[PDB]
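**Q** Below is target.pdb; it holds PDB, C-alpha atoms (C1' of nucleotides) and all ligand atoms.
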ATOM      1  CA  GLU I 154    -136.454  34.178-218.883  1.00  0.00           C
ATOM      2  CA  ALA I 155    -139.027  36.777-217.830  1.00  0.00           C
ATOM      3  CA  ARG I 156    -141.281  34.240-216.117  1.00  0.00           C
ATOM      4  CA  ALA I 157    -138.210  33.426-214.038  1.00  0.00           C
ATOM      5  CA  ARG I 158    -137.295  37.089-213.575  1.00  0.00           C
ATOM      6  CA  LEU I 159    -140.504  38.407-212.033  1.00  0.00           C
ATOM      7  CA  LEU I 160    -140.440  35.878-209.213  1.00  0.00           C
ATOM      8  CA  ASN I 161    -137.442  37.275-207.270  1.00  0.00           C
ATOM      9  CA  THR I 162    -138.185  40.675-205.764  1.00  0.00           C
ATOM     10  CA  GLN I 163    -135.256  41.423-203.478  1.00  0.00           C
ATOM     11  CA  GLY I 164    -131.960  42.392-205.063  1.00  0.00           C
ATOM     12  CA  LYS I 165    -128.449  41.105-204.575  1.00  0.00           C
ATOM     13  CA  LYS I 166    -128.133  42.148-200.939  1.00  0.00           C
ATOM     14  CA  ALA I 167    -131.121  40.276-199.535  1.00  0.00           C
ATOM     15  CA  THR I 168    -130.264  37.040-201.331  1.00  0.00           C
ATOM     16  CA  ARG I 169    -126.723  37.428-200.016  1.00  0.00           C
ATOM     17  CA  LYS I 170    -128.260  37.529-196.543  1.00  0.00           C
ATOM     18  CA  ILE I 171    -130.373  34.400-197.136  1.00  0.00           C
ATOM     19  CA  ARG I 172    -127.173  32.559-197.938  1.00  0.00           C
ATOM     20  CA  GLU I 173    -125.121  33.947-195.045  1.00  0.00           C
ATOM     21  CA  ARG I 174    -127.827  33.009-192.556  1.00  0.00           C
ATOM     22  CA  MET I 175    -128.269  29.457-193.825  1.00  0.00           C
ATOM     23  CA  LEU I 176    -124.490  29.045-193.705  1.00  0.00           C
ATOM     24  CA  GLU I 177    -124.730  30.078-190.067  1.00  0.00           C
ATOM     25  CA  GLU I 178    -127.291  27.331-189.516  1.00  0.00           C
ATOM     26  CA  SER I 179    -125.066  24.703-191.107  1.00  0.00           C
ATOM     27  CA  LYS I 180    -122.355  25.920-188.743  1.00  0.00           C
ATOM     28  CA  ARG I 181    -124.719  25.378-185.824  1.00  0.00           C
ATOM     29  CA  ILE I 182    -125.809  21.888-186.890  1.00  0.00           C
ATOM     30  CA  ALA I 183    -122.212  20.837-187.489  1.00  0.00           C
ATOM     31  CA  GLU I 184    -120.924  22.187-184.170  1.00  0.00           C
ATOM     32  CA  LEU I 185    -123.835  20.443-182.477  1.00  0.00           C
ATOM     33  CA  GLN I 186    -123.286  16.938-183.777  1.00  0.00           C
ATOM     34  CA  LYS I 187    -119.675  17.617-182.929  1.00  0.00           C
ATOM     35  CA  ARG I 188    -120.826  17.948-179.334  1.00  0.00           C
ATOM     36  CA  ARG I 189    -123.284  15.060-179.690  1.00  0.00           C
ATOM     37  CA  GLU I 190    -120.661  12.602-180.891  1.00  0.00           C
ATOM     38  CA  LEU I 191    -118.369  13.884-178.146  1.00  0.00           C
ATOM     39  CA  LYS I 192    -121.118  13.074-175.664  1.00  0.00           C
ATOM     40  CA  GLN I 193    -121.293   9.592-177.154  1.00  0.00           C
ATOM     41  CA  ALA I 194    -117.671   9.435-176.026  1.00  0.00           C
ATOM     42  CA  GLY I 195    -118.856  11.004-172.767  1.00  0.00           C
ATOM     43  CA  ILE I 196    -116.245  13.775-172.885  1.00  0.00           C
ATOM     44  CA  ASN I 197    -118.181  17.027-172.502  1.00  0.00           C
ATOM     45  CA  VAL I 198    -116.769  20.001-174.415  1.00  0.00           C
ATOM     46  CA  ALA I 199    -118.408  23.335-173.672  1.00  0.00           C
ATOM     47  CA  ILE I 200    -119.773  25.627-176.373  1.00  0.00           C
ATOM     48  CA  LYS I 201    -118.082  28.938-177.182  1.00  0.00           C
TER      49      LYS I 201
ATOM     50  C1'   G C   1     -74.119  73.825-135.563  1.00  0.00           C
ATOM     51  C1'   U C   2     -74.357  79.220-134.392  1.00  0.00           C
ATOM     52  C1'   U C   3     -75.191  82.594-130.713  1.00  0.00           C
ATOM     53  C1'   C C   4     -76.464  84.741-125.495  1.00  0.00           C
ATOM     54  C1'   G C   5     -75.537  83.688-120.591  1.00  0.00           C
ATOM     55  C1'   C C   6     -73.970  81.063-116.026  1.00  0.00           C
ATOM     56  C1'   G C   7     -70.746  77.909-113.226  1.00  0.00           C
ATOM     57  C1'   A C   8     -66.059  75.174-112.884  1.00  0.00           C
ATOM     58  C1'   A C   9     -60.961  74.415-114.092  1.00  0.00           C
ATOM     59  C1'   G C  10     -56.586  76.156-116.631  1.00  0.00           C
ATOM     60  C1'   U C  11     -54.401  80.596-119.038  1.00  0.00           C
ATOM     61  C1'   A C  12     -54.911  84.612-117.022  1.00  0.00           C
ATOM     62  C1'   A C  13     -55.761  89.710-114.431  1.00  0.00           C
ATOM     63  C1'   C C  14     -61.593  90.278-116.267  1.00  0.00           C
ATOM     64  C1'   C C  15     -59.144  88.010-120.877  1.00  0.00           C
ATOM     65  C1'   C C  16     -57.520  82.904-124.422  1.00  0.00           C
ATOM     66  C1'   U C  17     -58.685  77.691-123.847  1.00  0.00           C
ATOM     67  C1'   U C  18     -61.321  73.328-122.142  1.00  0.00           C
ATOM     68  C1'   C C  19     -65.406  70.977-119.447  1.00  0.00           C
ATOM     69  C1'   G C  20     -70.534  71.105-117.703  1.00  0.00           C
ATOM     70  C1'   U C  21     -75.246  73.243-117.752  1.00  0.00           C
ATOM     71  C1'   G C  22     -79.583  76.917-118.838  1.00  0.00           C
ATOM     72  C1'   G C  23     -81.736  79.616-122.923  1.00  0.00           C
ATOM     73  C1'   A C  24     -82.689  80.998-128.029  1.00  0.00           C
ATOM     74  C1'   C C  25     -82.115  79.973-133.017  1.00  0.00           C
ATOM     75  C1'   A C  26     -83.873  75.393-136.691  1.00  0.00           C
ATOM     76  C1'   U C  27     -89.536  71.557-136.561  1.00  0.00           C
ATOM     77  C1'   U C  28     -93.058  66.044-139.760  1.00  0.00           C
ATOM     78  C1'   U C  29     -91.062  64.592-147.109  1.00  0.00           C
ATOM     79  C1'   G C  30     -93.657  61.123-150.611  1.00  0.00           C
ATOM     80  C1'   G C  31     -97.398  57.514-152.642  1.00  0.00           C
ATOM     81  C1'   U C  32    -104.518  56.848-156.942  1.00  0.00           C
ATOM     82  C1'   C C  33     -98.561  54.615-158.882  1.00  0.00           C
ATOM     83  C1'   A C  34     -94.042  47.536-156.612  1.00  0.00           C
ATOM     84  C1'   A C  35     -89.841  45.429-161.090  1.00  0.00           C
ATOM     85  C1'   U C  36     -91.789  41.690-168.116  1.00  0.00           C
ATOM     86  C1'   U C  37     -95.482  35.795-168.320  1.00  0.00           C
ATOM     87  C1'   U C  38    -101.512  35.312-164.849  1.00  0.00           C
ATOM     88  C1'   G C  39    -106.198  42.417-164.742  1.00  0.00           C
ATOM     89  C1'   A C  40    -106.410  43.208-170.617  1.00  0.00           C
ATOM     90  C1'   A C  41    -103.512  48.088-177.639  1.00  0.00           C
ATOM     91  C1'   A C  42    -104.604  47.274-182.436  1.00  0.00           C
ATOM     92  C1'   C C  43    -102.925  45.224-187.047  1.00  0.00           C
ATOM     93  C1'   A C  44    -100.794  41.599-189.974  1.00  0.00           C
ATOM     94  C1'   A C  45    -100.703  36.386-192.035  1.00  0.00           C
ATOM     95  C1'   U C  46    -103.773  31.714-193.374  1.00  0.00           C
ATOM     96  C1'   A C  47    -108.529  30.175-195.251  1.00  0.00           C
ATOM     97  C1'   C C  48    -113.510  31.676-196.861  1.00  0.00           C
ATOM     98  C1'   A C  49    -115.277  35.312-200.277  1.00  0.00           C
ATOM     99  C1'   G C  50    -114.588  39.873-202.764  1.00  0.00           C
ATOM    100  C1'   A C  51    -119.049  46.936-203.615  1.00  0.00           C
ATOM    101  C1'   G C  52    -127.498  49.441-201.879  1.00  0.00           C
ATOM    102  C1'   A C  53    -131.234  50.941-204.585  1.00  0.00           C
ATOM    103  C1'   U C  54    -131.898  47.336-210.870  1.00  0.00           C
ATOM    104  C1'   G C  55    -133.053  42.972-215.302  1.00  0.00           C
ATOM    105  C1'   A C  56    -127.552  45.414-215.255  1.00  0.00           C
ATOM    106  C1'   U C  57    -123.483  49.479-214.041  1.00  0.00           C
ATOM    107  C1'   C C  58    -122.644  53.681-211.256  1.00  0.00           C
ATOM    108  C1'   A C  59    -123.505  59.459-208.236  1.00  0.00           C
ATOM    109  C1'   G C  60    -125.389  60.190-204.120  1.00  0.00           C
ATOM    110  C1'   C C  61    -127.938  62.729-199.283  1.00  0.00           C
ATOM    111  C1'   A C  62    -130.560  61.221-195.223  1.00  0.00           C
ATOM    112  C1'   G C  63    -133.325  58.280-191.241  1.00  0.00           C
ATOM    113  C1'   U C  64    -132.885  54.499-186.052  1.00  0.00           C
ATOM    114  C1'   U C  65    -129.014  51.972-183.043  1.00  0.00           C
ATOM    115  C1'   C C  66    -127.112  49.860-175.516  1.00  0.00           C
ATOM    116  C1'   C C  67    -121.822  50.093-182.943  1.00  0.00           C
ATOM    117  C1'   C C  68    -118.351  53.178-183.868  1.00  0.00           C
ATOM    118  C1'   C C  69    -113.322  54.662-186.880  1.00  0.00           C
ATOM    119  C1'   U C  70    -110.167  59.102-189.140  1.00  0.00           C
ATOM    120  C1'   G C  71    -110.381  64.051-188.644  1.00  0.00           C
ATOM    121  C1'   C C  72    -108.946  70.622-184.654  1.00  0.00           C
ATOM    122  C1'   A C  73    -113.942  70.184-185.700  1.00  0.00           C
ATOM    123  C1'   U C  74    -120.943  72.097-184.867  1.00  0.00           C
ATOM    124  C1'   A C  75    -116.410  70.351-191.805  1.00  0.00           C
ATOM    125  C1'   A C  76    -116.134  65.996-194.469  1.00  0.00           C
ATOM    126  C1'   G C  77    -114.944  61.211-195.228  1.00  0.00           C
ATOM    127  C1'   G C  78    -114.774  55.804-193.596  1.00  0.00           C
ATOM    128  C1'   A C  79    -118.877  50.560-199.543  1.00  0.00           C
ATOM    129  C1'   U C  80    -124.244  56.351-199.962  1.00  0.00           C
ATOM    130  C1'   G C  81    -119.343  53.870-192.857  1.00  0.00           C
ATOM    131  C1'   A C  82    -121.414  49.380-190.761  1.00  0.00           C
ATOM    132  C1'   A C  83    -125.969  47.054-188.543  1.00  0.00           C
ATOM    133  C1'   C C  84    -131.688  47.456-191.063  1.00  0.00           C
ATOM    134  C1'   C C  85    -133.497  43.307-195.528  1.00  0.00           C
ATOM    135  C1'   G C  86    -135.775  38.920-191.038  1.00  0.00           C
ATOM    136  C1'   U C  87    -139.625  36.032-187.980  1.00  0.00           C
ATOM    137  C1'   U C  88    -145.323  37.486-187.699  1.00  0.00           C
ATOM    138  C1'   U C  89    -152.831  34.955-184.962  1.00  0.00           C
ATOM    139  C1'   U C  90    -157.065  37.217-179.660  1.00  0.00           C
ATOM    140  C1'   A C  91    -160.084  44.963-177.625  1.00  0.00           C
ATOM    141  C1'   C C  92    -163.022  40.121-181.038  1.00  0.00           C
ATOM    142  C1'   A C  93    -168.396  40.257-181.863  1.00  0.00           C
ATOM    143  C1'   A C  94    -173.286  39.998-184.204  1.00  0.00           C
ATOM    144  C1'   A C  95    -177.213  37.209-187.387  1.00  0.00           C
ATOM    145  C1'   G C  96    -178.494  32.670-189.910  1.00  0.00           C
ATOM    146  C1'   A C  97    -178.214  27.046-190.745  1.00  0.00           C
ATOM    147  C1'   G C  98    -177.312  21.677-189.306  1.00  0.00           C
ATOM    148  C1'   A C  99    -175.607  17.693-185.322  1.00  0.00           C
ATOM    149  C1'   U C 100    -175.416  16.688-179.907  1.00  0.00           C
ATOM    150  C1'   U C 101    -177.161  17.188-174.455  1.00  0.00           C
ATOM    151  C1'   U C 102    -180.634  18.940-170.856  1.00  0.00           C
ATOM    152  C1'   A C 103    -184.764  21.822-167.626  1.00  0.00           C
TER     153        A C 103
HETATM  154 MG    MG D 301    -121.206  60.114-194.324  1.00  0.00          MG
HETATM  155 MG    MG D 302    -121.128  52.820-204.128  1.00  0.00          MG
HETATM  156 MG    MG D 303    -125.231  56.180-193.778  1.00  0.00          MG
END
Output the structure of this file as structure tokens.
Ligand SMILES: [Mg+2]
Ligand SMILES: [Mg+2]
Ligand SMILES: [Mg+2]
**A**
Amino acid sequence: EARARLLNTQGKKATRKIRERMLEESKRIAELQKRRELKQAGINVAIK
RNA sequence: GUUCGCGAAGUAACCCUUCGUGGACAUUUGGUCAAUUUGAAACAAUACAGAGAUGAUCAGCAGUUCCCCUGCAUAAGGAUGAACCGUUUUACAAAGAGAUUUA
């Protein structure tokens, strides 16, 4: 319990940020391979 | 349209009427702006969650910003208002030791 406790220094807010940011990156990757597979159909859809 | 005056005609007896003409009086509004889709309100609803300092549950003041919102406000609130929490290499040298090349 303690040996696990010491190792995280931040507090709820920072961790919350780590998540939010990664979720943004999943959004990016997804939207990309959206556009990639649409290029494999040749139809070119512009990014927002 | 008024008035002054002239001329003409008629009525007349110096006038009443009609015609013509001269003169004066009176003298430049408004527009940054066309009448609903295509020159710009903002909320709400759906889904996703669902409140900083900590191991945890709360009071809070601040600080910076090419973010502001409510408020008459130089008051005070808006999660202590929100954003901050991340990515990170060179004024660069001196001494010593081994390998390589050359005068
Ligand atoms: Mg305040
Ligand atoms: Mg609080
Ligand atoms: Mg504040």
**Q** At what distance in Å, to one decimal, does atom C1' of residue 9 of chain C lie from atom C1' of residue 23 of chain C?
**A**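 We find that atom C1' of residue 23 of chain C and atom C1' of residue 9 of chain C lie 23.2 Å from each other.
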**Q** So that I can check the surroundings of residue 158 of chain I, please list as a list in words every protein, DNA and RNA residue that reaches within 12 Å of it, counting all atoms listed in the file and ignoring chain neighbours fewer than 6 positions away.
**A**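 Everything that qualifies: residues 164 of chain I; 54 and 55 of chain C.
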**Q** When distances are computed from only C-alpha atoms (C1' of nucleotides), which of C:5, C:52, C:42, C:79 shows the smallest separation from chain I?
**A**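 Closest to chain I of all the choices is C:52.
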**Q** Residues contacting ligand MG 303 (chain D) - anything with an atom at most 8 Å away, using only C-alpha atoms (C1' of nucleotides) and all ligand atoms - can you give me those as a PDB file with C-alpha atoms (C1' of nucleotides), in the frame of the given file?
**A**
ATOM      1  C1'   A C  62    -130.560  61.221-195.223  1.00  0.00           C
ATOM      2  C1'   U C  80    -124.244  56.351-199.962  1.00  0.00           C
ATOM      3  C1'   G C  81    -119.343  53.870-192.857  1.00  0.00           C
TER       4        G C  81
END
**Q** Find the distance between atom CA of residue 175 of chain I and atom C1' of residue 45 of chain C and write it in Å to one decimal.
**A** 28.5 Å
**Q** What residues in chain I lie within 12 Å of chain C, counting all atoms listed in the file, written as a short mmCIF file (atom, residue, chain, number, x, y, z; two decimals) with C-alpha atoms, in the coordinates of the input?
**A**
data_model
loop_
_atom_site.label_atom_id
_atom_site.label_comp_id
_atom_site.auth_asym_id
_atom_site.auth_seq_id
_atom_site.Cartn_x
_atom_site.Cartn_y
_atom_site.Cartn_z
CA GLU I 154 -136.45 34.18 -218.88
CA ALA I 155 -139.03 36.78 -217.83
CA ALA I 157 -138.21 33.43 -214.04
CA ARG I 158 -137.29 37.09 -213.58
CA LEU I 159 -140.50 38.41 -212.03
CA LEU I 160 -140.44 35.88 -209.21
CA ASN I 161 -137.44 37.28 -207.27
CA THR I 162 -138.18 40.67 -205.76
CA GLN I 163 -135.26 41.42 -203.48
CA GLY I 164 -131.96 42.39 -205.06
CA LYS I 165 -128.45 41.10 -204.58
CA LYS I 166 -128.13 42.15 -200.94
CA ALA I 167 -131.12 40.28 -199.54
CA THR I 168 -130.26 37.04 -201.33
CA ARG I 169 -126.72 37.43 -200.02
CA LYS I 170 -128.26 37.53 -196.54
CA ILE I 171 -130.37 34.40 -197.14
CA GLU I 173 -125.12 33.95 -195.04
CA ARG I 174 -127.83 33.01 -192.56
CA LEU I 176 -124.49 29.04 -193.70
#
**Q** For the file shown, what are the residues hit by the PyMOL selection byres (((chain C and resi 21) around 9) and not hetatm), laid out as a PDB file with C-alpha atoms (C1' of nucleotides), in the frame of the given file?
**A**
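Output below, filename selection-v9.pdb:
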ATOM      1  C1'   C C   6     -73.970  81.063-116.026  1.00  0.00           C
ATOM      2  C1'   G C   7     -70.746  77.909-113.226  1.00  0.00           C
ATOM      3  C1'   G C  20     -70.534  71.105-117.703  1.00  0.00           C
ATOM      4  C1'   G C  22     -79.583  76.917-118.838  1.00  0.00           C
TER       5        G C  22
END
**Q** To one decimal place in Å, what is the distance between atom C1' of residue 1 of chain C and atom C1' of residue 17 of chain C?
**A**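 Atom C1' of residue 17 of chain C lies 19.8 Å from atom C1' of residue 1 of chain C.
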